[PDB]
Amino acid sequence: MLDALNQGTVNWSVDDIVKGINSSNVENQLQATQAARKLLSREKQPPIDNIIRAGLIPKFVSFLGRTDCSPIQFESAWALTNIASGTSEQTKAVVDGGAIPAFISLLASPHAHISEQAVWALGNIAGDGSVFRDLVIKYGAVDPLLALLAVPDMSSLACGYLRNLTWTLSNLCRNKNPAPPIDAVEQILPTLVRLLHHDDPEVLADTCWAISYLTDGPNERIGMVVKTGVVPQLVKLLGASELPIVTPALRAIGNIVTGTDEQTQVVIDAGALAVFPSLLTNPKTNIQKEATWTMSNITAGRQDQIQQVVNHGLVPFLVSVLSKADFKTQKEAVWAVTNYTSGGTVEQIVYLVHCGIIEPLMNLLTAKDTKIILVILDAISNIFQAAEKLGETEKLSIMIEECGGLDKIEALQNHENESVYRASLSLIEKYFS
């Protein structure tokens, strides 16, 4: 019944656990609790419902408060968490048994490894959905969670512990319907901001993820993030060599430029455009895709913003990706071109055409995707409008003819797709007759 660690074992019955856990002997209570966490920590087929049916949750929860015996606090935190990591109903049973406030009080243990358990517990529950997340917040988890990081140097804290607390904060930032209560976000941001200057790769990755969640919302949310001055540091991390940093850094920058024109300018002012050559030629196609998407949202902005895209020499990269990247990225490149031609100046559209946008664009008119064809034709239209202003519609017509583009446009003349038939007929009637 005891192993060579003097702990309870997986060989204890529920009968045994119930007896031990109800004893006045503290060592017996601890062994019963160890036997329970060992049973419940089996990855596969843990007998969670048997422990719940033995009415044991309220007892495990009161053990969380047993300062006289930190190992009992640890072992019961562990068991409860394992229970909570099960079905939604199993989690709901842990919560209904009062575990959240008890975990929150446990953050005050002067034992790092105990307060660490509480952080871990609350992270698990918070991430079990928006509803639990809000319960964790409503019960007051935020203040004590942050107080653990209110120290002079974060580096006084062990890497493991910091990783664990950062992970838990990012779950308080995660999910929608509904999104995190705004005042909790206000409270948390300044700490995330300090975390982005820490130099542990996993801490940085977790914090970038949290920021990406906060920036996935209405502009009010984007603004809050932007107003902290993190954007520059986010841009620095875009440059990081670690893909697990670059990926959420990129998502966050991508989200921010879906915001207002001023919000996008903060991104440009921080020097993001300079990182785009390495992103747009990054072997990971997901990065190319996210990067091109971001670029599509910058070329949807103002003319002096489009001008910075040009000034950083990014247009040939865009041509390159429109030509010879995987299709999902090519779709973002179509958007980037359509946006750029929708808002750019005449001179900017002349430059885009001199970079050789036309052939790659025309080639995509064989795509079997109606949305994409209609957008490409929209882009074609915008380029023609600029040629009108120079009285050069005809020289563009000729550029389109020679790279096989008039053929691809003629090929859309099929009534089976009435939408595509009309778009393409009009274009043919106006500039190819």
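Position 1 is the first residue in the sequence shown; the rest follow in order.
Set 329-337 against 260-268 and average the Cα temperature factors; 260-268 ends up higher. Stretches compared: 248-256, 340-348. Higher mean C-alpha B-factor in the entry: 340-348. Among 11, 23, 419, 414, the highest C-alpha B-factor in the deposited entry belongs to 11. Per the PDB record, 242 has a higher Cα B-factor than any other of 116, 75, 290, 242.
Annotation for residue 59: C-alpha temperature factor in the lowest third relative to the rest of the modelled chain, per the entry. In this PDB entry, the Cα temperature factor of residue 389 sits in the top third of its chain's modelled residues, the highest group.
Residue 163: CA B factor in the lowest third of modelled residues in this chain (values from the PDB entry).
Ranked by C-alpha B-factor against the other modelled residues of its chain, residue 286 falls in the lowest third. When the modelled residues of the chain are ordered by C-alpha B-factor, residue 132 sits in the highest third.
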